[PDB]
Every structure is written in structure tokens, then in C-alpha cells.
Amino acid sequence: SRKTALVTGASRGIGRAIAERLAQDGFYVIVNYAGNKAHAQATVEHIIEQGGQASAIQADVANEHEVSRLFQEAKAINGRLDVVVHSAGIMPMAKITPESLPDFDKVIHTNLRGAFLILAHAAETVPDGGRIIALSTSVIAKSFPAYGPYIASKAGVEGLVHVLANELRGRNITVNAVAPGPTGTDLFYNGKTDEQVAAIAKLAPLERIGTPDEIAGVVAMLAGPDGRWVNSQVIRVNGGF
């Protein structure tokens, strides 16, 4: 039996960087995704090329039926689910106005209900000694206009993380969250000018763009031996901004 990690949202960006790093750390990685198979398959093949073991599973993490199937299928691979990382989410902009109610409902459904289901199923499947890690966001501290629905969904996620840490008392399972700022994903760089990039690179005291690998290394600390006494924590990974 190989130790096994399930990562939601693992086809691109931070989730993919997490999948890759956990594979390097020796986990068999289930690359969970919802949309097109192509990026998830790219992730899987990259992991295997570098010497790891991984496979991809499609599931809508906010669909209760698909999530049930996802956890049954993922646990059947190696008979175990040691680590669950919930990284999937969406970040649309919408101000707090009645016309934004559809966007609100979508964000809450995808990010918060989604997180609830992944956490609930993880709490029923993870062994003693396991680890559950959720992705939140640094932007909660800034409360920027149009980030209301997104921040509300992720504040909810953090509340669930802290309560689940207490509900799993006796099982030696840590529950934590990692809250990145923006990172230099391919989508980030394509959708911006060199000038917007330069402006954002100046914001942190470290004065550079953060990378997905830099988020994944903290997630990997939480998933491994150095993270065993970290529990019910939200670690912000944002370069100091």
C-alpha cells in the first residue's frame, strides 16, 4: 500500500503544483477535476514522467452524488486516503447588490458547499494520522470591492476547517488551511499586461510574483512529518502582502 493523496482542482495552477509536489514527496496522487480532461491528463503524465504515480478522476465537487462516487473510487485505488487537499474554487467579481444574486449563489455553491462536501467525505474516509488541508485566500484581509461573494465563501471554508479540527478529536487528524495571495499561474500571466504584472510584483515587501510551487511547499509541509503538530491553522502565504 502506497500513501495516497486526493487533490481537488489539480489540473492547473496551485492545485497542479500541489499534485506535483505531493507526488515528489512519495504520495500516489489522485488528480481530481471537473472540466476538460486535457489539463488533468497533462498533470498525470508529468507526474509519471518525473517518477511518481498518479491518476485523474472527474467529479463536480459540489455535486453530492458525484462527490460520493469520487471518494468511493479514490479510496478503491490503494485501499486508503491518507491526505485530502481541497484546492478547487472560483473567483468571480460581483458587488453586493441584488443583481449579483446569481453570481453569489454560484460562488457559494462552488466554493462553500463544495468545500463542505469534500471536508465531510474526507472526515469519513481519512485514517488516523491523516491530514485534511483546504485552500482559502489571503484576500480576506483586504475586503476589496467586488470580492464579497468570494471572501464570504472562503471565510465559511475556514470556519469549517476550525470546527472539523475539533470534531476529529481522538483520531489524530489535522485540519488546516493555506491562504495564498495571487501567484504566477499561466492564466495569471496571459490575462495581464507586463505593466499590471510589474505593479503586482511590487506589492509584497519581497517585491516579486509568488509562484504556485511556493504555495505547494507549505501544503507539503502540512501533509508531511514537519506538519504533525500544526492543527486548525490558516497559514497565509502571500510574501508579506
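In case it trips you up, residue 1 is the first one in the sequence shown, and so on.
Q: Would 87 to 95 or 156 to 164 have the larger average of its C-alpha temperature factors, as given in the entry?
A: Mean CA B-factor is higher for 87 to 95.
Q: Quick check on the record: does 59 to 67 or 199 to 207 carry the larger mean Cα temperature factor?
A: According to the entry, 199 to 207 carries the higher average C-alpha B-factor.
Q: Hey, out of 173, 54, 216, 179, whose CA B-factor is highest in the deposited coordinates?
A: Largest recorded C-alpha B-factor: 54.
Q: What third of the chain, by the recorded C-alpha B-factor, contains residue 137?
A: Within its chain, residue 137 is a lowest-third residue by C-alpha B-factor, going by the deposited values.
Q: What third of the chain, by the recorded C-alpha B-factor, contains residue 75?
A: For residue 75, the deposited C-alpha B-factor lands in the highest third.
Q: If you rank every modelled residue in this chain by C-alpha B factor, which third holds residue 149: lowest, middle or highest?
A: Lowest third.
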